[PDB]
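Report on the following structure.
In order of appearance the chains are A, B, C, D, E, F, G, H, I, J, K, L, M, N and O, and numbering begins at 1 in each one.
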Amino acid sequence: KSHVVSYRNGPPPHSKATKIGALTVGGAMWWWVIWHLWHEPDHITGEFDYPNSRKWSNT
Amino acid sequence: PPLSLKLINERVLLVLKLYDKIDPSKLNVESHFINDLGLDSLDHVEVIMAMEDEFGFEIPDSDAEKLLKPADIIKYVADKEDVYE
Amino acid sequence: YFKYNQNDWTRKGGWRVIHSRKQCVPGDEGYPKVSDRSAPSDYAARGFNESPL
Amino acid sequence: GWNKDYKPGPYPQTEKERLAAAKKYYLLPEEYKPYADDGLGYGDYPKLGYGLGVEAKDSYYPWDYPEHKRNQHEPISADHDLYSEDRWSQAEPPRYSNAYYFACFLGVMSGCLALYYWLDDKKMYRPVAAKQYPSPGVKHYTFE
Amino acid sequence: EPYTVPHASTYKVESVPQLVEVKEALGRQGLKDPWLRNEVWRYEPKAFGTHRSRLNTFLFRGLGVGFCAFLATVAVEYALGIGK
Amino acid sequence: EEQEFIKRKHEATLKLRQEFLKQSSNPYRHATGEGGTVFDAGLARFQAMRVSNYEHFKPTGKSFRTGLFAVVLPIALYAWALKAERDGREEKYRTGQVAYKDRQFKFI
Amino acid sequence: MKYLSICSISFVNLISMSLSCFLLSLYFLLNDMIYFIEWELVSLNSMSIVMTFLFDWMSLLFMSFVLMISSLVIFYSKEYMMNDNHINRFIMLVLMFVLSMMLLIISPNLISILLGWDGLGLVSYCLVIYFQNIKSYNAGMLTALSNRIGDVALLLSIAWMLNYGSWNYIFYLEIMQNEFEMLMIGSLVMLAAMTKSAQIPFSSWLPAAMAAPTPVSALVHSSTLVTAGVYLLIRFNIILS
Amino acid sequence: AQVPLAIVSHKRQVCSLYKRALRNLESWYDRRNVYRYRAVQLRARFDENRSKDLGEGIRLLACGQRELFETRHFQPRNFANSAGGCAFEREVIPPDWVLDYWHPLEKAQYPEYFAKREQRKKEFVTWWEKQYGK
Amino acid sequence: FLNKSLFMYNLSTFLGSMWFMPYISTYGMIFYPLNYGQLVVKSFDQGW
Amino acid sequence: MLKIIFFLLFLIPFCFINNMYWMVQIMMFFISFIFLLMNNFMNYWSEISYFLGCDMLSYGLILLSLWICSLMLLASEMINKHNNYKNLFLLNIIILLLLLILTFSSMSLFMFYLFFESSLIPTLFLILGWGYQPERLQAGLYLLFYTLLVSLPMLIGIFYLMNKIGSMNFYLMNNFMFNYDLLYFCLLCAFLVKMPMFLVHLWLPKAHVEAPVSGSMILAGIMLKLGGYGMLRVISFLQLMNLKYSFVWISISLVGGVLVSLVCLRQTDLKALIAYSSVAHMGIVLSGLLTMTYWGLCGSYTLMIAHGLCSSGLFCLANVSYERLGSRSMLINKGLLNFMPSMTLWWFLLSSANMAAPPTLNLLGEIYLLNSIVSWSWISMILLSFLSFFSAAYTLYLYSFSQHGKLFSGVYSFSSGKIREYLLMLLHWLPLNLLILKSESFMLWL
Amino acid sequence: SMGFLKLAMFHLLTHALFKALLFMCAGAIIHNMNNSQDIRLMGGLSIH
Amino acid sequence: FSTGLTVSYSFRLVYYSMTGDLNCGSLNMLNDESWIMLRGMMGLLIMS
Amino acid sequence: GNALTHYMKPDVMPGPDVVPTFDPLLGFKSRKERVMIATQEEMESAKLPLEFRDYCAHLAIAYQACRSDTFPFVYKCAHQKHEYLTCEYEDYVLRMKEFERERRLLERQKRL
Amino acid sequence: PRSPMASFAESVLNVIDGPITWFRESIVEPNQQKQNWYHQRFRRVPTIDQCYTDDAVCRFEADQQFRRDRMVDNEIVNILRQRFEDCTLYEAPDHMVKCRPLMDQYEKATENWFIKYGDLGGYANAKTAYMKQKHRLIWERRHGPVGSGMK
Amino acid sequence: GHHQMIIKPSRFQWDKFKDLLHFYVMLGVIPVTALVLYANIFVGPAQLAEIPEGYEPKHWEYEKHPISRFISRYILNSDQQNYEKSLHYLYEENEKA
């Protein structure tokens, strides 16, 4: 099935390259998330202010 | 990976040494449940139930009654998994 | 086969084709473009508006 | 033999025929129980099975033909299909009764449906004005 | 040989992570637990660490790289000429 | 436990288990390679009853009511509904109520 | 399929095809074109039975993503089926899904849809019944019958769609909205979309999408029967709203 | 080989009841720390009434069975690689005579296997002759 | 602690069984047509 | 058409000459190829020989008859294995072939009826001379006497038509119209038995079950279609009387359709499933036909043709099992995917065509017929939906249970798939895909 | 049902993409367990 | 209401199978190296 | 500022998508008229769908030029989007102000 | 060529059009013989009205004329449909621009086509069609416009 | 590599079947492909046009394509042939009746 099958133990400590693969996979997600966040943080907010019906004086 | 007959033996031995309510020293590998282990009416199926969880399959309800020894358990696991060889 | 043997007004039961017109863009040749399908004869031409007789 | 050779006999009407038929089908004298033979019956054919389901039968028993959980010579039920695991049958008693399953479904459906239509009568919205369209003769007034 | 098995001398029901506590919260009932020795290799230190630590490991796997690479990109858009 | 009902079945019914094995493992008729299957009474019984039960059918109240409500009333009611609706629709048509504009299925 | 893994064989042509489709989708978007190529079969009583393929940015993009995911799914299967018999059987079935999906998506005519629709069901049963465990029997057989109910609704819908002189729906919806016939033509289309889209009370078979190999589960949920079901509806906007 | 009788003793009707109960704990409680607690709490419930009259045992089944049936997890922990599993019985293999009907060129890929296959076949014939003296 | 599943066993069972649709679409509709067919052949196809 | 007729007569001697099973086979396919080449017809009668014509309606029917009649010899070879009077078999087939050609080309009603009912004999030879079940006797009694008991009475209607008309060419009847209310039933019902109708389906399952691969293929492949072909030619002048009394026939067909499909679900025999299935499809054909609308009729012609093809192929499948595992039962036959997986492909395909999966000339039918019926009466839809639904339902069951479950324990070694059967299955299906390209010849005949 | 096609198709493909990826994730996990498919059986896989 | 549920059962699964205790047997059947089962995932992952 | 009060006073709350009904009152807002920029002929060739073929279309065709110009990287075409949605946003302000204007003009005569 | 990919799509359009049009000019024009194929002109026939009570050949001639005329008028409905089809495809906003001005031709065509041929079903020959017109003329004269019931 | 056999039925007959199919079909296709390529490229399509008032096409004039030209003139009886066929035959039958 799989070439690594331990017994009553954690995973057989795998190579750094595979560790590097995972960390970068999560890192790319984060990089882009903050990338968008700073580039357009206003989007989560309504892009336009919300004026008030009462505040609108009767001309 | 395949399964090794000696390791099946040591593994049932490991859980048996692990099981408290059995005679702690785990007397002769062929310890009958009602003789020296003293395993009661209900203690017997507690043995089978742990063996189940350990070996990844249910034992049949009556066929547990066929299992009357740790030698039987190895013998039942062996018949399942082609361990004779 | 789509350039020379389309399903025209002569042969029928082949792949008859039909399309919509491109999207103009401000600054384009003939930007304010007029409808080309002048008359209903234009619709369903199938090569018959270009008949030999 | 052929089918006409194997055709089941008429319903047994005295105890000796019951003994014979049970042997004809390899059944024990009490195991054999012919259908009611009331006007749409097979007659001497035994009435077996008809339980909750075939898969209710033993999972691990030594079966000659596991396919249908069947040993060798044994009278196949007249309704083997309609009770086979591939057809209407289960392994364990149901939790509730038929009305429960249908009621729990449909009662909820009717109520939620009707309560929706009541609320469609009051369809909320954002208080905004009607969408303006340029057109001949239309002269909406700018706030100016 | 596929793998290896220890002797089970190591498997002590005295596993520290609140298996003794449930032993106590049983002790008020005071019945027993004969199989509990199995859960020793189960909840063992440095196998999986703390659940909160595991969540830290998971929910934040590359945030540091993300922020660093983020700051580099910030410097690029600041000095490369994009400006604001 | 009936005092050995399970047992009494047990003796004979476990004999033919071995004969099934003998048949299945039979090197000789498997060597003939002509196909076919070890005979099975339940199968033979089942086919014969499946093909023939009219000789058992007694035309009584049960069977009559069963068949009547099985197809007959279905056939009669459905046919009557079809004829009735068509009679109405065609009646409108031959009266000319609906002109050659409203009507549907102009092309079958 | 004699010297190289079938996974390689299909994978490469799949990635090649859909990138071409993707780029053509852009062309359609920058020009906003809609082609409606048509090849007629027969015509009686003034009706024209026609195999039609409509090409628009929507369909092209849709089949594009469907088919990169197809390529990546089969590549994953290259290992998940590492030790299985009938791998080749499994893979050609996957292609039949993809081909049947192409036709169903592009179909702008009710008849062309019907080709792909039961075609999806036709292979849907195959790759659900792939294993030989009784659950797969039950699971696939339920799904196939659920889908068949949908196909029947389309098949009935053909009957009333005859009224408006063709089966090219996207050119009659607007002009004849309110009519009773178009009303119910949407109704039958509505029902068929429910069945493939596993809408309640028909949401009883997507749970039975689980007996198939998780590659199949991926390509049955990613963009498959259910998605094509709603994709029939997006093609039919007018009457629904 | 022996196929067992179906007779059952009240001990078994009560112990296999304990077995199903342990299962029903699993399907309703998962965390092994939580489990062993409640499983041993279950044991006390099977221990406080250890030895009672037969009649009370019958009423004890009259309650015990209902508890399982009325408290059965709607999704029992059906076992992975056993009967009823989520992927068990995935494929089947046909009887060996299918290998017997390979085309001679098809036979020509594993001669060593087929040679030994031929030998074992005759030795099986001897074995079956023994099986009941033919 | 208290397991809310057992707190609302019936509702959870309903909620957990997908509103009992699988029973509806499997047990609640196949019993009759199959009996209907065998009923019918015993009445007309082969009887009356 | 005398070209074909004389070809068949000069093929007859080969039956006597020894070892001509395969030479005859190639010739029958070759003449089918020749008859393919001869194709220019319109609605009018064409190729008017002494009394033989040909037309859209007759041209395709003849091609199917020549097609299927050649495929017999591929299907049946156990006759050669057994040396079970191969000469009588070949002679019986050719005699049947000639009768079909003359039936479908008889421009006179009486000539048509004459060959139509002359075919009673050679088919009966085919079942009886090579049957297997002991039921073969009573089955032959059912087949022959259900037919003759109504097929004879139209003989009066034919002569009555002569007296009031003066001839029996088809165009001549069309000019007139009769409404005496017995002429209608006497002709209609007489054809309905051979159609067959659900209420007189009774014989047909028996005939198929206890008949060889060949006879069953003939029975379901032409005989039912031949009844329908007569209907198409004859209802031209039964219109008014038909209109008054038509709801009964359409009702029983549609009602019987869902019923017989439920019989299929509960049935437990490969030939029984297909036999009942073939009755179901011919139920819908009878419905669209009796609608008499253009869509119904032009579609009926198509569905008869496609149904004949699919029914044949499914019978070859049933023969395959019957010839390996030696038992027709659902129970014995199972899991064949493990023993003939490349064959199970063909099992699926032929099943597919029978449930109207495209590209399939069958499917092309139901669009036409369903449009006709729906237009004729909206009420039909409530049963049309279920009719098709259960149609596909049993076909699913047939395909799955036969090919899917775990194998049967007691099964004695049987040879594997072979070129004859493989080529046989392609030949029945592949034309069933071919025709859609040029349905216009198989789609337009009115 | 409201009648907004663009968001439907936009979300349709979006829905399609990552869920396929999730199906891939599950497939990786399921094989890497002994052919079992229960969330209860699984636990911390991040370390592995 | 369903949107909260989407996050709900999502995180519900997250804790059980993936940050909770490893409700497994004795065999540690877990592997991670397999590149193909990843590399097929990666392209979609990037696009997602 | 919600919609539930409609069910209590189905009169007082104007309703959805409602046209003005007191615009003759010019003593308040709405004394000037609309303004048309993008001619319907150019709009026709613009292929702008009718659902949007409204007063905010001049910028719409402007954007189409932006996107048809530098299509491969639409992200560059940002400011054209920024302005267009703003021009729409101002229309939305008018939409609200129309709603409350007809609300105002309703209220001053309600009890009278 | 403002847009980049459109300035590239043209490049593949030059790629695709290149060899084909070269092939057309290279291995067709130097290898084509000139031949002509015309189009039928079937003479009119004495229709059913003209022919006698029992003139089977004449009646057969009339029906064939009726069938061919049916097949054409059968068609003219289709072409008008195809024509309307193009218009609805013309432009996304352009539906009401020319739907009614163009469709109504198709509408009239259908109703006229129905009146002449519709409601007869298959097997319908010139006789049943012709007399149906006679019946309709009688109805129009007696009971007034069809679509009013009777008086 | 570490191959552990699998019980599999024979694939030979099925594989041979495909091979015969591919073989014979290409056999028939090749001359067919040659013939169609020849006519269309050596001759190609006759062009539609008007009637020369003094002319009268023979029935083979009315098909555009050459392979149709060959088929219709040589192999299929003219429509006008199969027209008079009926007119003759219906004349006798009406008279006889």
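Just so it is clear, contacts are C-beta pairs under 8 Å (C-beta built on N, C-alpha and C of every residue); 3 or more make two chains touch, one makes a residue touch a chain.
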Steps needed, at minimum, to go from subunit J to subunit N via contacts: 1
Per-chain Cα centre nearest the global Cα centre, belonging to chain: G
Chain pair, G-I or C-N, that carries the greater number of C-beta contacts: C-N
Whole-Å separation of chain centres (CA-atom averages), subunit E against subunit M: 56
Subunit G and subunit H: spacing of chain centres that average the CA atoms, whole Å: 42
Rounded Å distance between subunit B and subunit M, as computed from the means of their C-alpha atoms: 79
Where subunit L touches two or more other chains at once, by residue number: 18-23, 25-27, 29-32, 34, 37-38, 40-41, 44-45, 47
Set of subunit B residues in contact with two or more other chains: 1, 11, 56, 63
Residues of subunit F whose C-beta touches two or more other chains: 17, 20, 30, 40, 43, 46-47, 51, 53, 57, 59, 63, 66, 71, 105-108
Complex interface listing, subunit F residues touching subunit N: 95-101, 106-108
Residue ranges of subunit B touching subunit L (in the complex, touch as defined): 11, 53-56
Residues of subunit E that touch subunit H when the two form their complex: 18-19, 22, 25-26, 29, 31-33, 35-36, 38-39, 42-43
In the complex with subunit M, residue positions of subunit N that touch it: 2-6, 91-94
Touching residues on subunit E, where the partner in the complex is subunit A: 2-6, 41, 46-48, 61-67, 69-70, 73-74
